[PDB]
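K.L.:
In terms of the deposited numbering, the sequence shown opens at residue 5 and continues consecutively.
Just passing along the structure, written as structure tokens.
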Amino acid sequence: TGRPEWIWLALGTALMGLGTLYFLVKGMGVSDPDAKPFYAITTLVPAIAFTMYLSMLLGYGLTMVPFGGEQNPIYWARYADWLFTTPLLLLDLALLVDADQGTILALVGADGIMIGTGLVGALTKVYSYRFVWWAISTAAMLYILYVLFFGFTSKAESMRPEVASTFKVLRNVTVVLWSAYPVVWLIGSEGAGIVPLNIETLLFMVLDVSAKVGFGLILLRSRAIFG
Ligand SMILES: *C/C=C(C)/C=C/C=C(C)/C=C/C1=C(C)CCCC1(C)C
């Protein structure tokens with residue numbers, strides 16, 4: 005179809021694929037059992053992002069939704085990606101600060117709501133309602149971020165300065181990147197359609213890749229993954 009954004013899809017596929025292979029080889033060569041968890045989870049993020057990025061590049065994960073008097077292109081494959089990749093990244097942090105089971109449960113659930121109402125809004129035909137679902141999805145994200153900032157950061161204090169310092173970095177990267185998605189959605193094709201689809205795809209690959217490959221490298225290169 006030669007759509008104005010295939011350039012960004014092919015670059016995301018390439019970066020996600022590269023990060024996936026490096027983590028895979030870096031994780032399968034480690035003998036520390038207690039380290040496997042982090043490597044398997046971290047390699048699994050790029051992995052999923054790769055496949056979904058490849059599908060969109062090939063013309064899938066796309067559907068036209070009617071609203072605003074137009075037939076808007078909605079790349080739904082993104083949510084199929086985020087549904088499994090966000091809670092997995094949340095788990096990496098949870099296993100890092102000795103996060104309690106009840107906490108992990110609440111974070112995974114809130115995350116489920118976030119992507120759930122997120123896709124529903126992106127598929128809604130009543131323009132104004134799309135922003136209703138967007139509003140609920142965003143609130144769920146702020147909850148997760150609250151727990152990550154106030155809660156998780158407090159537990160990372162019972163760790164060594166090595167585990168507490170690696171978490172603050174991953175927490176900071178997660179807070180900055182996750183915070184930008186709702187805005188990108190709001191002013192993009194799923195929202196006010198102010199920023200064209202090609203730019204939007206560019207903004208997402210940068211965020212996706214930074215929050216996945218950029219997240220994995222920091223976590224896997226550190227020595228705080230050695231329980
Ligand atoms: C690898 C992907 C990552 C780390 C994705 C993070 C995605 C978010 C924090 C997405 C948030 C959204 C909202 C707050 C509301 C509107 C719809 C979403 C799903 C784009």
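Here a beta-carbon is modelled for each residue, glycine too, at the ideal position from N, C-alpha and C.
Between which two residues does the beta strand (DSSP E) holding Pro77 run?
P.N.:
74-78
K.L.:
Looking only at C-alpha atoms, which of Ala228, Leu174, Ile203, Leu95 sits nearest to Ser214?
P.N.:
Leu174
K.L.:
Around the C-beta of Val187, are 16 or more other C-beta atoms found within 10 angstroms, so that it is buried, or is it exposed?
P.N.:
exposed
K.L.:
Tell me which residue opens and which closes the beta strand (DSSP E) that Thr67 is part of.
P.N.:
67-71
K.L.:
If you scan the segment 136-190 from start to end, which runs of the alpha helix (DSSP H) of 4 or more residues do you find wholly inside it?
P.N.:
165-190
K.L.:
Does the segment 75-85 come into contact with the segment 104-113, if we say contact requires no fewer than three beta-carbon pairs (one atom in each stretch) closer than 8 Å?
P.N.:
no
K.L.:
Once you ignore the five residues that flank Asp36 on each side, which residues in its own chain have a CB closer than 7 Å to its CB?
P.N.:
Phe230, listed in sequence order.
K.L.:
Find the nearest neighbour of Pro70 within the set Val124, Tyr131, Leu22, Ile11, judged by alpha-carbon distance.
P.N.:
Its Cα nearest to that of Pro70, the residue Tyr131 stands out among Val124, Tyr131, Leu22, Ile11.
K.L.:
At a threshold of 7 Å, does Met32 count as lining ligand 1 (C-beta to nearest heavy atom)?
P.N.:
no
K.L.:
So, does the segment 49-61 touch the segment 87-96, judging by three or more C-beta pairs under 8 Å?
P.N.:
yes
K.L.:
How is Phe42 classed by DSSP in three states: helix, strand or coil?
P.N.:
helix
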